[PDB]
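Okay, here we've got a single chain as structure tokens, the form deposited in one PDB entry, with questions on binding and movement later.
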């Protein structure tokens, strides 16, 4: 019989990556898997506009309920896409809605590896980008001269109801930005446990990255991480052979971390950072490793009941330049590994959360990865890695289908 897929959210996009995933689902998944449990959504930019973003709200509900989401690369309906695709209004990135809706802890941005193919980092690197806070949720104005004041009124504790001044300053420029944001740090306890748990299992040395020497409000990010590490993990990292006895958890300034990403070509490390530092440093990570497609973008949140909500995504876009070449009838070569890693992660997590056909699902997802890697080893991978004698998009997809059983 076919494998019974556990409940999972599937978010379809458009252009080259949707064409490729249509093929993968029809030729790899569907012959071997009953996908009745998959709740599919059309997140075309046109469909987000056509539905007034009801589809995005349905995605968020489904994700809370099901706990496991695969999302394809999607076209954010920016002002430029309104012009091109002929939309009625512009819509922001869906990332904010997912990160708030699923109580986001981290975006895991890990290097993707192929056994037998050398990429930039020799051994796995793990990266946690704190999923919330910082300038991504700032309030701001662009102003001239005047008086800026920031007040805070606690709602509990000894000084509940008493307003204090956080900051007061005089703007003396005709043009200035004024900006306020917050970092919520309660979930850094969860982040730390998630990060250090991962790093231990991977046997990689963990590092915490901030600008806390100068941006002193970040100190709790470090302190929370170090406390969890010392109390709950340090002896375990010693016993795993990862760190020497007496070796303390290392703090890296963001300034240093940017240098270490270029230097540490052997890999075998983990970093955790705030939202913006994570955004920047993981794109650097992508470039050093190979390209955006070879780093994960795995959002990890938590339901109110304590079950982890995991969404998985490739880190490249929809690849319109290649899609246009397809409709002109020219040969394409899209590497589907990024998206497949995400689908694997989503299918695996769905199987674990719901305990539906768990053994057979892990065996099948493992088999997909193994077959993919073996083809790359054999010189039958896509042209990004195997050169001009590498396979086209369709040849690669058919090659895997023939190998799968």
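Residue numbers count along the first chain shown, from 1.
Below, we turn to the form deposited in another entry, even though it does not appear here.
**Q** Considering only the two-part rigid motion between the shown form and the other one (each C-alpha going to the part whose superposition fits it better), are residue 314 and residue 334 on the same side?
**A** Note: residue 314 and residue 334 co-assigned to one rigid part.
**Q** Classify the change in Cα distance between residue 201 and residue 358 in that other deposited form as closer or farther, relative to the shown form (magnitude of 3 Å or more).
**A** Relative to this form, farther apart in that other deposited form.
**Q** Relative to what we see here, could you say if residue 278 and residue 334 have their Cα atoms closer or farther apart in that other deposited form, with a change of 3 Å or more?
**A** Note: Cα gap between residue 278 and residue 334 shrinks in that other deposited form.
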